[PDB]
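1. PDB entry and its sequence, pasted below:
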There are 4 protein chains.
Amino acid sequence: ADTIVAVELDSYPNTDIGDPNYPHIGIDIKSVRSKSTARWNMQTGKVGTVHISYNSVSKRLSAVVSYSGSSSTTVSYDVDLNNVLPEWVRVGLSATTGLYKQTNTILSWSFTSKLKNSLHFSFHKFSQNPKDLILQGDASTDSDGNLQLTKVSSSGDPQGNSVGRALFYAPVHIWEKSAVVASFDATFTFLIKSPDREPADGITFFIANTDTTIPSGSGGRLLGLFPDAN
Amino acid sequence: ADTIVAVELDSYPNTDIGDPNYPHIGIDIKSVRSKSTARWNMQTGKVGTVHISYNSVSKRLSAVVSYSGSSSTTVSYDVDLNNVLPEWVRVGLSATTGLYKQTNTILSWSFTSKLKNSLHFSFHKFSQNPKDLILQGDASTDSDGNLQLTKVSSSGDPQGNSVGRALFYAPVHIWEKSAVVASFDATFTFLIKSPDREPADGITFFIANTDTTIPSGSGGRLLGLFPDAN
Amino acid sequence: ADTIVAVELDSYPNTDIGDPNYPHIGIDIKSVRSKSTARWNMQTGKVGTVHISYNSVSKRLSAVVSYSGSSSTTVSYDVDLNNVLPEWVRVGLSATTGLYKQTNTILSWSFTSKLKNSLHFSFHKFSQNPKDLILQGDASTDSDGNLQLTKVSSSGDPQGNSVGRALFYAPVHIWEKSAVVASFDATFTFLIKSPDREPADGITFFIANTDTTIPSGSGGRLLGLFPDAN
Amino acid sequence: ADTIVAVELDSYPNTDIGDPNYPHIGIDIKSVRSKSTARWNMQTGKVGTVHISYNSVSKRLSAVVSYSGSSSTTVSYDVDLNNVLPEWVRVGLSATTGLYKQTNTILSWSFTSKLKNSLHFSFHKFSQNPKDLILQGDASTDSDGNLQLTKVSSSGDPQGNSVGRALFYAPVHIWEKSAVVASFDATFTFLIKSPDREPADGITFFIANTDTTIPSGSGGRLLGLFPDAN
Ligand SMILES: OC[C@H]1O[C@H](Oc2c[nH]c3ccc(Br)c(Cl)c23)[C@@H](O)[C@@H](O)[C@@H]1O
Ligand SMILES: OC[C@H]1O[C@H](Oc2c[nH]c3ccc(Br)c(Cl)c23)[C@@H](O)[C@@H](O)[C@@H]1O
Ligand SMILES: OC[C@H]1O[C@H](Oc2c[nH]c3ccc(Br)c(Cl)c23)[C@@H](O)[C@@H](O)[C@@H]1O
Ligand SMILES: OC[C@H]1O[C@H](Oc2c[nH]c3ccc(Br)c(Cl)c23)[C@@H](O)[C@@H](O)[C@@H]1O
Ligand SMILES: [Ca+2]
Ligand SMILES: [Ca+2]
Ligand SMILES: [Ca+2]
Ligand SMILES: [Ca+2]
Ligand SMILES: [Mn+2]
Ligand SMILES: [Mn+2]
Ligand SMILES: [Mn+2]
Ligand SMILES: [Mn+2]
């Protein structure tokens, strides 16, 4: 199956598969059961920002989520991604909804990779036909230039049981055997609105094998990334 | 047929079809018959460097070729590429040999585009299997990490009647209806060695429609870019 | 006297020293009387954006001003800036008021120089004590993180007969004898509000000798750059 | 006294003041007695490369030293620089010799810093009179465009008992009250030649209070950074 590394903004506590009993950000290494989590003070209706970083000498993957004026949540995990990921990968964003729902709106996205070659892209607006994105599932761009990862209505209300992803078109070379150091950094901003008492399910930035696709049965709590909850 | 904009390093004068009667650099807008040329101050067997720039406010496409800072050649052409290229393009390098030949060896390649969105890539080495490149024709990477656009013997001798290109995998968004300014910059370094008194044929950097392919009959003098010499 | 290259956003027509009789953007080379101008559709109270670019192979200095949802104004001038500028410079922003007035509020500023060596800075907020800026005249930063080039009261009301500049602290190496190409790009966003029927005087981005200071007599129509109107 | 954070490339084991008994790289937090070290297979006469990285979320400072076709040396250390350094710093390079000696030749240096505002500089050659560096002590640039941190003769032969440093002219803003994440990355390439059987003393990259100067008594084993060995 696919090989997945991800940072999850997990809106809904699925304590039956190991989630903590609160909204959380987490670091997922080949399993939906995060190797490290931190409590996330989710704020419906406000734009948030996530920053993600990794360095192969440090061997530490880190993420921070924040909102204007409010305080930040951070999570880190010690890992050597070279013992986890292949040499070439793709990078993307995923989101799901399930029985409960929320908008999974992406307002901007940037990524930089360096191998010692380099790759850098940034979107502050998404076009009507983003030919540099591989859109999977229900993901689509709307009339305002925003990336709606899961289905939203004509008037802006989210739908349940929706899944979608967006991958950057070009593969990324993140290691080699003559390699001295590799790094990446990513940023995205997002807007989550929900009519539900308990919004669900979440948003991820993830890194996978180049031929990755939405797995069978990855809806809801599995965030469009994993085929099961092992 | 493809839509083509290129900067050509034309080592062999094909007066047949409008080449000036000397090795030259040129700017090609939808034709092999350059809109602007300059006599090429060459140094065969030395590493040369090419810098290409364009800005949609200035409406000026420019290139400089130099050899370790010496022996400079420049060419420029006033043009609004918005009325020439489609909104989404691919960018790449091409080269050919013909009856006469030369190595068409790329040692590095970088490109940056900004729309007001941005894309930047840079290769100081080419891997044995570059998954972020679309290799076409005879193009390949060798054991020293160099990109050989045309065929070279296992001992380094160039072969004749060869054609090859390398395209960056992801499409590039160069214009948009509400655009204020768009720009791009490209750099590459090359090594041309030849056993012939009259080496041939040349190297280009080019921009094209995303689905561009080597046209039939585009070898030698046509630089792997055009179907005919109109 | 200093040596000045500047892009001016001139809100007030001073027809006795060569201004066209409307608000205009212009390119200034060692004189307040612009080498090139374009009619500027000035919109008080709306945030504007300026992009400026130069390449030494193209030899074209270009600028564009725009507002969200409105048309753009562009101006260009053909020039080899190494005939005008020293090898080392400082880059900066300037603004004035006179009998009539306006706010000269800078919200963000970025600059990139490349010498084929590079320098790049970007500010999206100015700190209360910006130790990487040389503040001259009346320039200061306010509580909102904005750079007020000319004086405003505690209520935000602009004052007349004010002059102010901000220089980036580090000298920039914009030309070098071994260089094959030199380039720079600059962007700023600005907010000009005014209670006057004819607001005045203007904002510039400029490049000057490293020890540039506000010349005596440079108020008002001279934009804080020039000692006279020759 | 100054406040110093440094990455040391230490050629000479001074075991009386805490050095391991072999050449080593180390991370120095307000003391020459490194908080973390790694054994360094130093190779005189070959160009080496150092990459340094830090991110305020991961809170890990790391460094890697490599030569062409050799194994790398890595060192890391967990630290929150917000508790160590002031908000505004200068960044620089230092080197010493003592009774024993070596060339401390810097061929290139680059630095990037981001605060969530950004600063980036890169030198692949140094000017013979660099107006954007603060040179201290014996440091100077030569006619080849290399930065000689310690003295060399007309012949290129290094001198003993030398100390020199080079700081980038612009202060850097590495933290603030409302900061969410700060990061930096640095690279330099160096050539250490020596005629001595035990070369000495070393090279550093360092971050300090903006007004830092060479401390009295900082020669030799104190690397031009510290006044004592506590
Ligand atoms: O969207 C939130 C969740 O909705 C569903 O889970 C349930 C939430 N409340 C329930 C009540 C009953 C049953 Br049966 C189920 Cl599966 C659920 C499932 O779709 C989950 O995967 C998802 O995380
Ligand atoms: O490599 C140089 C050139 O060689 C060929 O053209 C010829 C130039 N002189 C000739 C002489 C004989 C024959 Br057959 C041919 Cl095809 C040619 C063709 O391959 C040209 O397209 C190419 O530019
Ligand atoms: O701010 C707009 C202008 O005001 C002044 O010039 C005048 C414009 N209208 C006037 C009317 C009367 C007198 Br006195 C003066 Cl100095 C002026 C001067 O300060 C000019 O430098 C400036 O351009
Ligand atoms: O450059 C190498 C070393 O030389 C000096 O230390 C000595 C090393 N071996 C010695 C032998 C004799 C005497 Br006296 C001295 Cl100072 C030393 C001192 O300068 C040290 O700080 C330095 O690290
Ligand atoms: Ca969950
Ligand atoms: Ca030809
Ligand atoms: Ca005026
Ligand atoms: Ca030592
Ligand atoms: Mn979870
Ligand atoms: Mn030609
Ligand atoms: Mn004017
Ligand atoms: Mn030591």
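-> Done, it's in. Numbering: from 1, shown residues only, chains lettered A, B, ... in the order given. Ligands and ions are numbered 1, 2, ... in the order given.

2. around the residue in chain A that ligand 4 sits nearest to, how many other residues sit close by?
-> Closest to ligand 4 within chain A is residue A:57: 27.6 Å, counting by C-beta to the nearest ligand atom. Every residue, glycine included, has its C-beta placed from N, CA and C. Number of residues near residue A:57 (other C-beta atoms under 10 Å in any protein chain shown) recorded here: 20.

3. any chance of the backbone angles for residue A:51?
-> Main-chain torsions, residue A:51, degrees, to the nearest 10: phi -120, psi 130.

4. go on, residue A:26?
-> phi -150, psi 160.

5. over to the closest residue to it other than its chain neighbours. Which of the three states is it?
-> Sequence neighbours aside, residue A:34 is the residue nearest to residue A:26 in space, at 3.1 Å (criterion: C-beta to C-beta, 6 or more residues apart in numbering or on different chains). Using DSSP: H, G, I helix; E, B strand; the rest coil, the structure places residue A:34 in coil.

6. distance-wise, check the residue located most distally from the centre of chain A relative to ligand 6.
-> Going by C-alpha atoms, centre = their mean, the residue of chain A most distant from its centre is residue A:178, 29.7 Å out. Remark: distance between residue A:178 and ligand 6 (C-beta to the ion, to the nearest Å) = 38 Å.

7. before we move on, the earlier item: who's in contact with the residue of chain A closest to ligand 4?
-> A:181, D:51, D:53, D:62-64, D:74, D:76 (C-beta atoms under 8 Å, 6 or more residues apart in numbering or on different chains).

8. keep only those of those that are in strands.
-> D:51, D:53, D:62-64, D:74, D:76 (DSSP state E).

9. how many neighbours does residue A:88 have?
-> For residue A:88, using other C-beta under 10 Å, the count is 18.

10. give the contact list for it.
-> Counting by C-beta under 8 Å, 6+ apart, residue A:88 has contacts A:171-174, A:210, B:131.

11. still on that earlier bit, buried members of the ones in strands among the contacts of residue A:57 into ChimeraX, please.
-> Here is the ChimeraX command that selects the buried residues among the ones in strands among the contacts of residue A:57 (16 or more other C-beta atoms under 10 Å in any protein chain shown):
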select /D:51,53,62,63,64,74,76
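
12. in a helix, residue A:16, correct?
-> Yes: the assignment for residue A:16 is a helix, going by three-state DSSP.

13. what helix or strand is residue A:229 located in?
-> For residue A:229, there is no enclosing helix or strand under DSSP states H and E.

14. what secondary structure does the residue of chain A closest to ligand 4 sit in?
-> Strictly by three-state DSSP, residue A:57 counts as coil.

15. for residue A:76, see how far away it is.
-> Going from residue A:57 to residue A:76 by C-beta to C-beta, to the nearest Å gives 15 Å.

16. ok so, going back, columns distance to residue B:145 on top of the ones in strands among the contacts of residue A:57, output as CSV?
-> Below are these laid out as CSV (distance: C-beta to C-beta, whole Å):
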residue, distance to residue B:145
D:51, 20
D:53, 25
D:62, 26
D:63, 26
D:64, 20
D:74, 24
D:76, 29
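
17. residues near the residue nearest to residue A:131 when sequence neighbours are not counted, how many?
-> For residue A:131, ignoring the flanking residues on the chain, the nearest one in space by C-beta to C-beta, 6+ apart is residue B:171 at 4.3 Å. Close neighbours of residue B:171, defined as other C-beta under 10 Å, add up to 23.

18. hmm, residue B:171 is touching residue B:91, no?
-> No: the pair residue B:171 / residue B:91 is not scored as a contact, 9.2 Å apart, by C-beta atoms under 8 Å.

19. give me the spatial nearest neighbour of the residue in chain A positioned nearest to ligand 2, chain neighbours excluded.
-> Residue of chain A nearest ligand 2, by C-beta to the nearest ligand atom: residue A:117 (32.5 Å). Using C-beta to C-beta, 6+ apart and skipping the chain neighbours, the partner closest in space to residue A:117 is residue B:123 (5.1 Å).

20. just residue A:121 next, same as before
-> residue B:119 (5.2 Å).

21. what's the answer for residue A:169, then?
-> Leaving out its chain neighbours, residue A:169 is closest to residue B:170 (C-beta to C-beta, 6+ apart), at 4.1 Å.

22. how many other residues sit next to the one you found?
-> For residue B:170, using other C-beta under 10 Å, the count is 21.

23. can you give me every residue that contacts it?
-> Contacts of residue B:170 (C-beta under 8 Å, 6+ apart): A:121, A:132, A:168-170, B:119, B:132.

24. now with 6 Å?
-> The contact partners of residue B:170, by C-beta atoms under 6 Å, 6 or more residues apart in numbering or on different chains, come to A:132, A:169-170.

25. among those, name the ones in strands.
-> Per DSSP E, the contacts of residue B:170 never map to strands.

26. format these as TSV; extra columns: distance to ligand 10.
-> Compiled in TSV, those are given as follows (distance: C-beta to the ion, whole Å):
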residue	distance to ligand 10
A:132	32
A:169	33
A:170	31
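
27. from the residues you listed, which is closest to residue A:158?
-> residue A:132 (25.7 Å; C-beta to C-beta).

28. residue A:106 versus the closest one, what's the distance?
-> 14 Å.

29. cool, residue A:19 as well?
-> Residue A:19 is 23 Å from residue A:106, by C-beta to C-beta.

30. now swap in residue A:32 and tell me
-> Distance from residue A:32 to residue A:106, by C-beta to C-beta: 21 Å.

31. these two - which one has more neighbours?
-> residue A:32 (25 against 22).

32. give me phi/psi at the more buried one?
-> Here residue A:32 shows phi and psi, under degrees, to the nearest 10, equal to phi -70, psi -20.

33. for the closest residue to residue A:46 other than its chain neighbours, list each beta-bridge partner.
-> Excluding its sequence neighbours, the residue lying closest to residue A:46 (C-beta to C-beta, 6+ apart) is residue A:67, at 5.0 Å. Beta-bridge pairing for residue A:67 (DSSP bridges): residue A:48.

34. ok, residue A:67 - contacts?
-> A:43, A:46, A:48.

35. for residue A:225, same thing?
-> By C-beta under 6 Å, 6+ apart, the neighbours of residue A:225 are A:4, A:6, A:94, A:206.

36. then residue A:92?
-> A:165-167.

37. make a markdown table out of the residues you listed and add neighbour count, distance to residue D:218 and secondary structure.
-> Shown next, in a markdown table, are these (neighbours: other C-beta atoms under 10 Å in any protein chain shown; distance: C-beta to C-beta, whole Å; DSSP: H, G, I helix; E, B strand; the rest coil):
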| residue | neighbour count | distance to residue D:218 | secondary structure |
| --- | --- | --- | --- |
| A:165 | 28 | 56 | strand |
| A:166 | 24 | 54 | strand |
| A:167 | 22 | 53 | strand |
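
38. so which of the residues you listed are also by ligand 9?
-> Subset of the contacts of residue A:92 in contact with ligand 9: empty, counting by C-beta under 5 Å from the ion.

39. going by distance to residue A:87, which of these wins?
-> Closest to residue A:87, out of all of those and judged by C-beta to C-beta, is residue A:167, at 17.4 Å.

40. spatially nearest residue to the closest one (excluding sequence neighbours)?
-> Residue A:167 sits nearest to residue A:92 (C-beta to C-beta, 6+ apart), 3.7 Å away.

41. backbone dihedrals for that neighbour, both of them.
-> phi -160, psi -180.

42. identify the bridge partners of it.
-> Counting by DSSP bridges, the residues bridging with residue A:92 are residue A:167, residue A:206.

43. distance check, it against residue A:220.
-> Relative to residue A:220, and taking C-beta to C-beta, residue A:92 is found at 19 Å.
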